[PDB]
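Asker: This one's a deposited entry, sequence included:
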Amino acid sequence: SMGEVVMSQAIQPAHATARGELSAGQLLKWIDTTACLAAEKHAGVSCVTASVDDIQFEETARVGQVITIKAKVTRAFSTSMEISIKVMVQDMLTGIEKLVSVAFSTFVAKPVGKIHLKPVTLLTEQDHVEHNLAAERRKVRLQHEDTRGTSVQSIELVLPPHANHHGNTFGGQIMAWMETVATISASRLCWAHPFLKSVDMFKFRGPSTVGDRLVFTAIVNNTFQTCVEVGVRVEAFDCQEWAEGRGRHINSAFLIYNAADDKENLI
Amino acid sequence: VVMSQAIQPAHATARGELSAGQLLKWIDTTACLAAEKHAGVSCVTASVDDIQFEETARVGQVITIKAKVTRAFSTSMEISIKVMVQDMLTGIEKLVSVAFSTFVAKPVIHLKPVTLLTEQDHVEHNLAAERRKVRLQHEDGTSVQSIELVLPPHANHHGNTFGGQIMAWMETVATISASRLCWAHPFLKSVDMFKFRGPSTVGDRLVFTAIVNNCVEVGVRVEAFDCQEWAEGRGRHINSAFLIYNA
Amino acid sequence: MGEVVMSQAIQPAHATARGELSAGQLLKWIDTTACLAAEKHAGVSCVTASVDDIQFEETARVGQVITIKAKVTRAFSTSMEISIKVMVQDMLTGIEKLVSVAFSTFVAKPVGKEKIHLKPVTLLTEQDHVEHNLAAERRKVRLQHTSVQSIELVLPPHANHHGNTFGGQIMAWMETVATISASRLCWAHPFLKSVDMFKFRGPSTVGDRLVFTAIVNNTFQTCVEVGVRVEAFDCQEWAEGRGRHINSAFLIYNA
Ligand SMILES: CC(C)(COP(=O)(O)OP(=O)(O)OC[C@H]1O[C@@H](n2cnc3c(N)ncnc32)[C@H](O)[C@@H]1OP(=O)(O)O)[C@@H](O)C(=O)NCCC(=O)NCCS
Ligand SMILES: CC(C)(COP(=O)(O)OP(=O)(O)OC[C@H]1O[C@@H](n2cnc3c(N)ncnc32)[C@H](O)[C@@H]1OP(=O)(O)O)[C@@H](O)C(=O)NCCC(=O)NCCS
Ligand SMILES: CC(C)(COP(=O)(O)OP(=O)(O)OC[C@H]1O[C@@H](n2cnc3c(N)ncnc32)[C@H](O)[C@@H]1OP(=O)(O)O)[C@H](O)C(=O)NCCC(=O)NCCS
């Protein structure tokens, strides 16, 4: 009733990892879908992931638990929108609901052919305060203007199910693909299976489309306490660019992984 | 038209049982491939009759599905569906479902009658008329909300959403509402007579809304939205459905 | 080098009842890395022409990582030979093993009514030259060379952006049907050991139905050979009966 889009996923073994936990990559993908739908409700046209803020993961959902994602447009700007993301997890046996993640993300309306956005409607006091908090967070976003022998290369062909019906590659899918490569790199240092704690704020620097090859390069970047930092770099190539060897930088993220809450589990 | 699929973790539920939605999907695909062998063109699910599951299938087992066109009408076709499960260590086979479905042809033309041969062929050919009569008569806890975005793999090559994809997404949300009643994990008993009352297409958003209605009965609502319609909040009602569970 | 490299973690979604990687998925992944290598050479869409002997010396498990390297060893005119290497690593132990060394052939598909002419492969190593030689001997060999029914509908993710059904996709559906037939003979879950050389005869396309039939062919005990047929139908072809022989393959399973 309040322009809040709601998803609900039960976690099958399909979404599961070697730990029986929900794949972090999948959560990222679901978060981006729900948020996009939130934006596309405000815009009327297709919207693409512009950037993500930092995401922290408080809990990881196990198989047999239900996840509930809620997204909302907090503020509309000129072509862009701030979308707020809440993520819960409910154990179907205990009844307990816990918070997984509060998160922010940015979407861009894509022109129909060859256009301005309406203002978001504010009813509550939370609406009016977050309306202002978005402009401060936006300053932070834009000012973010800064431009180990355990390497891992992967490659994914962008098929039609990985993109909207105009053919633009989904933000969430590149994030899902990133995360699995990152895990492979992080595991080269752990004696346990490590789980994702956070993704540092990053930007989608340019478009990707059906039939691109996305190349993922991952390396461990740092070690701290119980955790390990992995940089992933994403590059795009259409069929011709792929042969010539002149790709396009799509993004770079830093994912921080937790070695099962023990110092001993990493070298 | 025969389809055999083995049950793998990809298809399984939390307790290692083959997911009902996954079955419903495999039923439609096969029931659709039956219809498409008769019309020559693409076909879409018009309606579903009572489905009832006598057995639940488990990882490692194999499901065999048989579907055939009983009677072609003016633009629609009645299809029969048999569902067998086999154990690959026992050899034992068990019946999962006897179910009927109705498909409409979608030209971009008329349909010939089918080639009848058996005595049993004629019997189903006559009883289909009664069944079509019943199919047409349908004329009058906590709410679980979910949304799904229709991608290319969720539709035929012409862009039309599979009926079976909708029933699979329907089961996911219905199970959650059921689980939320008894604080446990249940299994699907049946799918009651409903009708898909409008098309759906790639790019649609399907909003699902499940509520506990009364052994439990989950009512699922499927509402469809353009990217434009999504903005204007005026969508299209695809279907309502009633699913019954035990725990 | 000139190597296309893919790394995949084996989740339960890629797995079987035991906790092993489905051979179907492995084959699909191998066809992709090889296809990516061909296209890096050709600069256009490439399809699977044929596959040599593939033998799996190990099976991987959930929570392990498969790494595939693919290289174009020689280009001819429309076709290229691709050398493939598959390794598996345990994510906890860190121990690696050879899964498979195999060979596949890819053909460059024209956009319009286009004549395609592939450039030579840049040779650097002495092993490069050795491989360029032995490619022709393998190319010559190539050109010289109870039961389960199933059906799959070709959708968008099963074909490249032009609409041509991937070789690896058919190769996946090809094992999932064979496994059941091998399960129907002896009452135990078996694992795939090798795939005998087979060619792709006709192209397939988005919207097709592929009908799969498999039978036990020959059983020298502790081994059961199972042949697979693959038959493709347009939507209209479907309703009339006349279809196309895509491929017939022989799979060796193990009890
Ligand atoms: C997002 C994108 C449009 C930014 O364009 P740009 O080169 O920065 O040019 P501009 O500065 O004019 O961007 C226009 C808008 O983007 C916003 N923007 C740019 N960088 C941003 C960031 N890091 N975070 C949030 N918003 C950002 C600007 O604030 C501006 O907003 P406004 O129109 O409401 O005033 C561009 O990088 C892009 O099209 N790539 C991602 C699209 C995509 O394909 N996403 C899926 C992943 S491949
Ligand atoms: C395989 C195919 C290319 C062979 O074509 P053809 O009818 O035999 O005609 P040609 O022999 O002239 O084919 C041209 C090339 O195919 C090669 N060829 C044919 N079968 C081959 C095989 N078994 N192994 C290696 N090369 C083969 C020839 O050597 C020739 O090579 P060149 O052009 O580099 O000199 C063709 O039948 C085809 O399009 N197959 C299906 C491809 C496909 O769609 N696969 C994806 C999954 S269905
Ligand atoms: C049935 C439908 C195809 C056409 O609308 P309609 O007004 O009900 O169609 P009509 O009754 O005028 O005629 C179409 C045929 O479908 C049959 N039909 C209509 N309602 C039916 C129902 N409740 N149950 C079974 N068959 C039904 C009719 O008997 C008629 O058969 P005929 O050609 O032999 O006379 C439907 O409303 C529709 O367009 N939705 C298609 C569903 C779809 O797109 N696929 C599923 C994913 S959304």
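Answerer: Nice, thanks for sending it over. Residues are numbered from 1 along each chain as shown, chains lettered A, B, ... in the order given. Ligands and ions are numbered 1, 2, ... in the order given.
Asker: Tell me how many other residues crowd the nearest residue to residue A:263 once chain neighbours are set aside.
Answerer: Sequence neighbours aside, residue A:226 is the residue nearest to residue A:263 in space, at 5.7 Å (criterion: CB to CB, 6 or more residues apart in numbering or on different chains). Quick note: C-beta positions are derived from backbone N, CA and C, even for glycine. Counted with other CB atoms under 10 Å in any protein chain shown, residues neighbouring residue A:226 total 17.
Asker: What parts of the stretch 1-150 of chain A come near chain C?
Answerer: Neighbours of chain C within the stretch 1-150 of chain A, by CB under 8 Å from any CB of the partner chain: A:13, A:14, A:15, A:16, A:17, A:18, A:23.
Asker: scratch that, the stretch 151-267 of chain A
Answerer: Taking CB under 8 Å from any CB as the criterion, the neighbours of chain C within the stretch 151-267 of chain A are A:152-155, A:157, A:159-161, A:180-181, A:183-184, A:187-188, A:190-193, A:210-211, A:213, A:239-240, A:242-244.
Asker: Please flag which of those sit within helices.
Answerer: Judged by DSSP state H, the subset of those located in helices is A:180, A:181, A:183, A:184, A:187, A:239, A:240, A:242, A:243, A:244.
Asker: Next up, the contacts around the second one.
Answerer: When contacts are counted by CB atoms under 8 Å, 6 or more residues apart in numbering or on different chains, residue A:181 touches A:152, A:154, A:216, A:218, A:232, C:7.
Asker: partners of the first one in the sheet?
Answerer: Per DSSP bridges, residues listed as beta-bridge partners of residue A:152: residue A:218.
Asker: Run through the residues that contact it.
Answerer: By CB under 8 Å, 6+ apart, the neighbours of residue A:152 are A:181, A:184, A:185, A:188, A:216, A:217, A:218, A:219, C:7.
Asker: hmm, 7 Å instead?
Answerer: Counting by CB atoms under 7 Å, 6 or more residues apart in numbering or on different chains, residue A:152 makes contact with A:181, A:184, A:185, A:218, C:7.
Asker: so which of those residues are also by ligand 1?
Answerer: Cross-checking the contacts of residue A:152 against ligand 1 (CB under 6 Å from any ligand atom) gives no overlapping residues.
Asker: returning to that earlier point: just the buried members of the residues of the stretch 151-267 of chain A next to chain C?
Answerer: A:152-155, A:157, A:159-160, A:180-181, A:183-184, A:187-188, A:190-193, A:210-211, A:213, A:239, A:242 (16 or more other CB atoms under 10 Å in any protein chain shown).
Asker: In TSV: the contacts of residue A:152, plus distance to ligand 2.
Answerer: Converted to TSV, those look like this (distance: CB to the nearest ligand atom, whole Å):
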residue	distance to ligand 2
A:181	27
A:184	29
A:185	33
A:218	31
C:7	24
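Asker: wait, isn't the residue nearest to residue A:263 in contact with residue A:259?
Answerer: Yes - contact criterion CB atoms under 7 Å: residue A:226 and residue A:259 qualify, at 5.7 Å.
Asker: list residues touching both of these two?
Answerer: Common contacts of residue A:226 and residue A:259, defined by CB under 7 Å, 6+ apart, are absent altogether.
Asker: Stretch A:14-26 close to chain B?
Answerer: Yes - counting by CB under 7 Å from any CB of the partner chain, contacts between stretch A:14-26 and chain B involve residue A:14.
Asker: Restrict that stretch to CA atoms and write it as PDB.
Answerer: Output in PDB follows, covering the C-alpha atoms of stretch A:14-26 (Å, rounded to 0.1, in the frame of the first residue of the first chain):
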ATOM      1  CA  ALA A  14      19.100 -25.300  -4.900                       C
ATOM      2  CA  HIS A  15      20.000 -22.000  -3.300                       C
ATOM      3  CA  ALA A  16      22.400 -23.700  -0.800                       C
ATOM      4  CA  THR A  17      26.100 -23.800  -0.300                       C
ATOM      5  CA  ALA A  18      28.600 -26.500   0.900                       C
ATOM      6  CA  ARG A  19      27.500 -25.500   4.400                       C
ATOM      7  CA  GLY A  20      23.700 -25.900   3.900                       C
ATOM      8  CA  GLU A  21      23.600 -22.100   4.200                       C
ATOM      9  CA  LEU A  22      22.000 -19.800   1.600                       C
ATOM     10  CA  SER A  23      24.400 -18.700  -1.100                       C
ATOM     11  CA  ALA A  24      25.400 -15.100  -0.400                       C
ATOM     12  CA  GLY A  25      25.500 -14.600  -4.200                       C
ATOM     13  CA  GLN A  26      21.800 -15.600  -4.400                       C
END
